[PDB]
Amino acid sequence: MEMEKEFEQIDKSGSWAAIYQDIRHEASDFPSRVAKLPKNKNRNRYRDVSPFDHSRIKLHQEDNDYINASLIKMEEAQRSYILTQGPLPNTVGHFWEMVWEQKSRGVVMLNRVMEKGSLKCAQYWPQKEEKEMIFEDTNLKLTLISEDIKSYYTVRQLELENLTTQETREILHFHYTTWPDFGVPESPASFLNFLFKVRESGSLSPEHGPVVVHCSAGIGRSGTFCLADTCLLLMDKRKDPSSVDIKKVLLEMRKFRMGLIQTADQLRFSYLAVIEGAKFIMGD
Ligand SMILES: O=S1(=O)c2ccccc2[C@@H](O)CN1CCO
């Protein structure tokens, strides 16, 4: 059923809460035993948001391999994403270790460091060229190379150095800075513009490791970004775009990380983004 008609039918009937709860009911439940070990309590931002054991990213170290991060592997769409929490004061070195080990080209940040007057993630990248950051626990150096500030997002070029080998890589930081403190954006136009800037960079392409995507918990805004990208890609490669089922794509993605899309308003916003984005994909 053409999702644009499914959309008007749910909107006229005001059933968004009902659709959303049906997804919550059918979603996968897999063990997260590593996340709940007592040694890992200060590596989790939220007690109720954990990576499944089967899909968690492992750090390459014998001490403790744990980070709150999941690999979302979309077989047909041929896309992979790492979804993670906003880094904590004691996990900023783990965060950059993961970007290095997984060969990521891009980091996508969908939150501000402070929202609603509280800290939602650590200040984990340098704000000035001449003040680099050293992560002594993981042996990495991070330098700000350049910054491009736009009305709805900022793009940064960063240099990450493995201090053990003196290899360096360019990482691109895509920072969406205008998601409102409450609710979802009124129009998806600026979110789609941002998505298209990340795609244009190469950060989502198979020649690199998976893109790292985060917000505060790494399930709500982060879920909206990967759901929209995957649905638009499937509309492109398929003979019949109309066969793309957003609810089924979301349930597939929830096999790899719990809780993706946190509210009925985030579900409706995801539909709006895919419907408006398709008017490019289908040749405009
Ligand atoms: O490729 S999907 O994301 C996809 C695409 C279009 C319609 C439905 C679906 C779902 O089955 C989940 N997917 C993989 C498992 O089948």
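For reference, positions follow the sequence shown, starting with 1. As the structure lists them, so they are numbered: ligands from 1, and atoms in each ligand from 1. Basis for what follows: all heavy atoms, side chains included, without hydrogens, waters or symmetry-related copies.
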Does a side-chain heavy-atom distance below 4.5 Å link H25 with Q21? no
Those residues that, when tested against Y20, pass ring pair (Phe, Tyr, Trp, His ring centres under 6.0 Å) (two or more places apart): none
Check ring pair (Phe, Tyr, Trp, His ring centres under 6.0 Å) between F95 and all other residues, then give those that pass, not counting sequence neighbours. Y124
By the rule that ILVMFWY residues connect when side-chain heavy atoms come within less than 4.5 angstrom, directly or transitively, which residues belong alongside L37? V34, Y66
Start with the C-alpha gap between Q127 and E147, add the side-chain angles, then the distance that decides, and say whether side-chain hydrogen bond (donor to acceptor under 3.5 Å, both in side chains) holds. CA-CA 9 Å; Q127 293 185 282; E147 186 164 49; over 6 Å; no
Pair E161-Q166, side-chain hydrogen bond (donor to acceptor under 3.5 Å, both in side chains): steps then yes or no: CA-CA 6 Å; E161 185 179 346; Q166 271 180 338; 4.7 Å; no
Quick one, list the residues around ligand 1 where some non-hydrogen atom comes in under 4.0 Å, by chain and residue number. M74, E76, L234, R238, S243, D245, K248, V249, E252
